[PDB]
Amino acid sequence: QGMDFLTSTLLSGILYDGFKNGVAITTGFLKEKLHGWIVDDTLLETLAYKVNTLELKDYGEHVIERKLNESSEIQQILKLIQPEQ
C-alpha cells in the first residue's frame with residue numbers, strides 16, 4: 001500500500017512525551033523514537049532545529065500538532081520520513 005510518512009499527529013505525540021519528562025528535543029532523541037523509520041541524521045538535525053525555534057514546550061499534544069501544520073518547512077521534511085516497511 002505504502003502506508004504513510006511521519007505525520008504532525010505522530011510527531012506531536014513523540015514531542016509531548018519529551019516535554020512531559022523535561023527532555024530536550026535532540027537529533028539522538030528523535031532517532032531513539034523513530035525505530036522502523038528511514039531517516040537521514042543531517043535531516044533529523046534540521047527537523048529538530050525547526051521544532052525548537054517554534055517553542056511548543058508548554059502546549060498539549062493536539063495543539064503541538066496544529067503548530068507543526070502551520071510550519072511550511074516542517075511539512076516538507078515530514079513527507080520524506082517514511083517507514084522501512
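Nothing fancy with the numbering, it's 1 onward along the sequence. Basis for what follows: all heavy atoms, side chains included, without hydrogens, waters or symmetry-related copies.
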Which side chain to side chain donor-acceptor pair (under 3.5 Å) pairs, counting each pair once, include a residue from residues 39-62, with sequence neighbours left out?
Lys31-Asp41
Taken to the nearest 0.5 Å, the spacing of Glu65 CD from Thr9 OG1 works out to 3.0 Å
Please tell me if the side chains of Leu15 and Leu30 come closer than 4.5 Å, counting only heavy atoms from C-beta onward.
yes
Does the pair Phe5 and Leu10 meet the rule for a side chain to side chain contact (heavy atoms under 4.5 Å, CB included), with working shown?
CA-CA 9 Å; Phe5 59 96; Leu10 242 47; over 6 Å; no
Sub-3.5 Å donor-acceptor pair from the side chain of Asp17 to the main-chain atoms of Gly13, do we have one?
no
Heavy-atom distance under 4.5 Å between the side chains of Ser8 and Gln75, does that happen here?
yes
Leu34 CG to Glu84 CD distance, which is reported to the nearest 0.5 Å
10.5 Å
Heavy-atom pair of closest approach, residues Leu6 and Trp37
N-CZ3, 3.5 Å
Rounded to the nearest 0.5 Å, the OG1 atom of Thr7 sits from the NZ atom of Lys79 at a distance of 11.5 Å
Drop me the distance from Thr26's OG1 to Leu44's CG, to the nearest 0.5 angstrom.
9.5 Å
So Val63 and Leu56, do their side chains get closer than 4.5 Å, heavy atoms only?
no
Between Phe19 and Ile25 the two heavy atoms that sit nearest each other are CE2-CG1, 3.7 Å
Co-membership, hydrophobic cluster, residues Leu78 and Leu43, 4.5 Å side-chain:
yes
Would you compute the distance between atom CG of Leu54 and atom CG of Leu68 and round it to the nearest 0.5 angstrom?
7.0 Å
Supply the atom-to-atom distance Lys33 NZ to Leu11 CG, rounded to the nearest 0.5 angstrom.
12.0 Å
